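Undergrad: Handing you this structure, nothing more for now.
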Amino acid sequence: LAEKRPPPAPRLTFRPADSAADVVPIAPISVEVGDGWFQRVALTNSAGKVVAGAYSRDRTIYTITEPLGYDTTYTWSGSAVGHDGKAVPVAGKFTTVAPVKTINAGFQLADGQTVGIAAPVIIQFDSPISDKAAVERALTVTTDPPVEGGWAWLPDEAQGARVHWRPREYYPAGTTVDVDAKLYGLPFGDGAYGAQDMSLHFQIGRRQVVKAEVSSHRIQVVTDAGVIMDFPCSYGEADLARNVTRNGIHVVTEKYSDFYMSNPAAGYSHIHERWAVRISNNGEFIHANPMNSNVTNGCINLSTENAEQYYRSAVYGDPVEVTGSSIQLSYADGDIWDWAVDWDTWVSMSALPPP
């Protein structure tokens with residue numbers, strides 16, 4: 001009677017394998033059974049928190065559907081039924097990698113922020129990065145309308161590495177911008193890993209461009225409504241390099257309504273400085289005239305009344321186009337100098353090829 005080999009016994013395949021270590025928390029995590037189906041399956045961290053997962057139709061595969069944490073031991077629990085009708089346990093463990101250090105990052109813009117047509121997207125990291133190419137490949141920018149641009153790595157700051165995204169030309173007014181940085185579980189190099197995924201949504205406000213020909217004694221503000229401000233103004237006397245308003249496209253960043261300054265080189269210890277729009281970290285403002293050539297260095301001086309009008313109109317990211325100056329805006333001036341370099345140079349600063 002009978003005399004026939006029994007059916008195959010269920011075989012469990014753990015990916016990652018049992019007692020595996022240095023598992024990347026974003027890697028595919030799964031258990032598969034052959035010659036049987038899963039009755040129950042679950043993955044928990046050491047603290048007992050269940051991880052989301054799902055079976056395939058056949059219930060012969062269970063796959064984790066959310067990212068894991070770093071430096072954490074996970075364990076499988078459950079059972080699989082074989083041809084026998086007999087259940088076998090589903091058990092095993094693995095441990096995710098514990099990075100030498102986690103590198104953090106942030107944007108300089110807030111979600112929902114409206115900025116001017118020359119605003120860069122600045123990602124500042126809290127550490128140097130070895131595989132900047134790998135990091136950059138994890139960045140994606142989406143604009144509406146679509147717009148040509150590129151990522152460029154600038155010299156590391158004291159705090160750490162940094163990459164800017166710039167469109168080739170000024171943004172169309174109204175453009176929406178979505179930035180995604182899939183950095184979690186990404187190896188940055190030398191055993192470094194990204195702290196987390198990051199996203200940014202912002203948008204471009206109205207088009208406003210400042211025309212600042214240094215030899216013109218004027219400054220103009222141009223929008224869709226045409227020339228809305230045409231002011232007399234003075235530029236830096238240009239007797240010293242510090243007194244030369246730098247040439248090239250500046251970006252408006254911060255502005256201060258009242259903030260009266262201490263100028264050592266001029267002689268005054270309490271200069272009344274109002275309605276000041278910053279156009280460079282080197283100290284260039286468009287501001288009210290305080291009144292000596294040192295009292296206002298490379299600044300653009302307006303009447304207090306005109307200065308306030310421009311001040312109230314100005315937005316972070318606005319371009320100020322300085323022309324007719326001897327000294328071109330540079331890295332030596334600090335941020336933002338992104339628009340003071342040609343496109344081919346900007347492309348060259350990418351950690352990736354052209355295309």
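Each chain of the structure tokens is named A, B, ... in the order shown, its residues numbered from 1; ligands are numbered from 1 in display order.
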Excluding residue 79 of chain A and any residue of its chain fewer than 5 positions from it, enumerate the residues within 8 Å of it, using only C-alpha atoms, and give them as a count of residues only.

TA: 8

Undergrad: Which residues are close to segment 218-233 of chain A, i.e. within 8 Å by only C-alpha atoms, leaving aside same-chain residues fewer than 4 positions away? Reply as a compact mmCIF listing (two decimals) with N, CA, C and O atoms, in the first residue's frame.

TA:
```txt
# COMPACT_ATOMS: atom_id res chain seq x y z
N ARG A 206 5.73 87.82 -8.34
CA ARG A 206 5.71 88.66 -9.54
C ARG A 206 7.13 88.92 -10.04
O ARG A 206 8.11 88.93 -9.29
N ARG A 207 7.23 89.16 -11.34
CA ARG A 207 8.49 89.57 -11.94
C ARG A 207 8.81 91.01 -11.58
O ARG A 207 8.02 91.92 -11.85
N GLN A 208 9.97 91.20 -10.96
CA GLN A 208 10.49 92.52 -10.64
C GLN A 208 12.00 92.48 -10.82
O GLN A 208 12.68 91.62 -10.25
N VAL A 209 12.51 93.41 -11.62
CA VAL A 209 13.93 93.48 -11.94
C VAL A 209 14.42 94.90 -11.68
O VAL A 209 13.77 95.86 -12.09
N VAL A 210 15.55 95.01 -10.99
CA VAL A 210 16.14 96.31 -10.72
C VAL A 210 17.28 96.51 -11.70
O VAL A 210 18.19 95.67 -11.80
N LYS A 211 17.22 97.62 -12.42
CA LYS A 211 18.29 98.01 -13.33
C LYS A 211 19.15 99.06 -12.66
O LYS A 211 18.68 100.15 -12.33
N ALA A 212 20.42 98.73 -12.44
CA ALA A 212 21.32 99.58 -11.69
C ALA A 212 22.62 99.83 -12.45
O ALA A 212 23.65 99.22 -12.15
N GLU A 213 22.57 100.73 -13.45
CA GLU A 213 23.77 101.18 -14.15
C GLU A 213 24.51 102.16 -13.27
O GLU A 213 24.00 103.24 -12.96
N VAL A 214 25.70 101.77 -12.86
CA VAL A 214 26.48 102.52 -11.88
C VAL A 214 26.81 103.94 -12.36
O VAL A 214 26.90 104.88 -11.57
N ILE A 300 23.80 101.27 -2.54
CA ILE A 300 23.03 102.14 -3.41
C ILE A 300 22.15 102.99 -2.52
O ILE A 300 21.22 102.49 -1.87
N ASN A 301 22.46 104.28 -2.49
CA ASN A 301 21.80 105.23 -1.61
C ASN A 301 20.65 105.95 -2.29
O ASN A 301 20.80 106.50 -3.38
N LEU A 302 19.51 105.94 -1.61
CA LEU A 302 18.30 106.60 -2.08
C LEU A 302 17.87 107.63 -1.05
O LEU A 302 18.33 107.62 0.09
N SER A 303 16.97 108.53 -1.45
CA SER A 303 16.27 109.36 -0.49
C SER A 303 15.51 108.42 0.43
O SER A 303 15.13 107.32 0.02
N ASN A 306 12.16 107.40 -1.08
CA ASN A 306 12.30 106.45 -2.17
C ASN A 306 12.75 105.10 -1.67
O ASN A 306 12.30 104.07 -2.16
N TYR A 310 10.92 101.39 -2.28
CA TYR A 310 11.57 100.24 -2.88
C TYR A 310 11.54 99.09 -1.86
O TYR A 310 11.23 97.95 -2.19
```

Undergrad: Would you mind listing what lies within 10 Å of segment 279-296 of chain A as an MDAnalysis selection string, with only C-alpha atoms counted and same-chain residues fewer than 6 positions away left out?

TA: chainID A and resid 219 233:240 242:246 249:257 260:268 271:273 302:308 310:311 316:320 329:337

Undergrad: Might you pull out every residue within 7 Å of residue 180 of chain A, with only C-alpha atoms counted and same-chain residues fewer than 5 positions away left off, and present them as a list in words?

TA: residues 139, 140, 141, 198, 199 and 200 of chain A

Undergrad: Can I get the selected residues back with N, CA and C atoms, as a tab-separated table (two decimals), in the first residue's frame?

TA:
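Okay, this is what ended up in again-v3.tsv:
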```tsv
chain	number	residue	atom	x	y	z
A	139	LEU	N	18.65	64.05	-5.85
A	139	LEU	CA	17.88	65.30	-5.89
A	139	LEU	C	17.07	65.38	-7.18
A	140	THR	N	15.84	65.85	-7.07
A	140	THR	CA	15.00	66.07	-8.23
A	140	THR	C	14.20	67.35	-8.05
A	141	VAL	N	14.15	68.14	-9.12
A	141	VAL	CA	13.43	69.40	-9.14
A	141	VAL	C	12.32	69.33	-10.17
A	198	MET	N	13.77	64.76	2.37
A	198	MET	CA	13.35	66.15	2.47
A	198	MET	C	12.57	66.57	1.23
A	199	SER	N	11.57	67.41	1.44
A	199	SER	CA	10.82	68.00	0.33
A	199	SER	C	10.60	69.48	0.60
A	200	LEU	N	10.49	70.23	-0.49
A	200	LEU	CA	10.23	71.66	-0.43
A	200	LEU	C	9.27	72.02	-1.57
```

Undergrad: In segment 12-144 of chain A, what's strand (DSSP E or B) per DSSP? Answer as an MDAnalysis selection string?

TA: chainID A and resid 12:15 20:23 30:34 36:45 50:51 53:55 61:64 73:82 87:89 92:96 101:103 105:107 114:115 121:125 139:144

Undergrad: Distance atom CA of residue 166 of chain A-atom CA of residue 151 of chain A, one decimal place?

TA: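 For atom CA of residue 166 of chain A relative to atom CA of residue 151 of chain A, the distance reads 6.7 Å.
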
Undergrad: Smallest atom-to-atom distance to residue 179 of chain A: which of A:353, A:28, A:69, A:120, using only C-alpha atoms?

TA: A:120

Undergrad: Which residue is closest to residue 350 of chain A? Choose from A:123, A:42, A:158, A:133 and count only C-alpha atoms.

TA: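 Among the listed residues, A:133 lies closest to residue 350 of chain A.
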
Undergrad: Could you tell me how far atom CA of residue 145 of chain A lies from atom CA of residue 175 of chain A, in Å and to one decimal?

TA: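 Spanning atom CA of residue 145 of chain A to atom CA of residue 175 of chain A is a straight-line distance of 6.1 Å.
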
Undergrad: Check the smallest atom-to-atom distance from each of A:51, A:29, A:277, A:122 to residue 14 of chain A using only C-alpha atoms, then report the winner.

TA: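 Checking each of A:51, A:29, A:277, A:122 against residue 14 of chain A, counting only C-alpha atoms, the winner is A:29.
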
Undergrad: Which of these residues is nearest to residue 106 of chain A, using only C-alpha atoms: A:126, A:157, A:66, A:178?

TA: A:126

Undergrad: What's around residue 202 of chain A at 6 Å? Count only C-alpha atoms, leave out sequence neighbours fewer than 4 positions away in its own chain, and write the answer as a PyMOL selection string.

TA: chain A and resi 111-113+177

Undergrad: Would you output that residue set with C-alpha atoms, as an mmCIF file, in the first residue's frame?

TA:
```cif
data_model
loop_
_atom_site.group_PDB
_atom_site.id
_atom_site.type_symbol
_atom_site.label_atom_id
_atom_site.label_comp_id
_atom_site.auth_asym_id
_atom_site.auth_seq_id
_atom_site.Cartn_x
_atom_site.Cartn_y
_atom_site.Cartn_z
ATOM 1 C CA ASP A 111 7.161 75.442 2.299
ATOM 2 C CA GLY A 112 4.643 77.792 0.654
ATOM 3 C CA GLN A 113 7.083 80.713 0.510
ATOM 4 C CA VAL A 177 8.756 74.618 -7.637
#
```

Undergrad: At a cut-off of 9 Å, using only C-alpha atoms, what residues contact residue 27 of chain A? Leave out same-chain residues fewer than 4 positions from it and give the result as a list in words.

TA: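 That gives residues 16, 23, 67, 68 and 185 of chain A.
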
Undergrad: Using only C-alpha atoms, find the one residue out of A:26, A:152, A:241, A:276 that sits nearest to residue 196 of chain A.

TA: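 Comparing A:26, A:152, A:241, A:276 against residue 196 of chain A, the winner is A:26.
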
Undergrad: Please determine, counting only C-alpha atoms, which residue among A:190, A:342, A:18, A:321 has the shortest atom-to-atom distance to residue 167 of chain A.

TA: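 Closest to residue 167 of chain A, using only C-alpha atoms: A:342.
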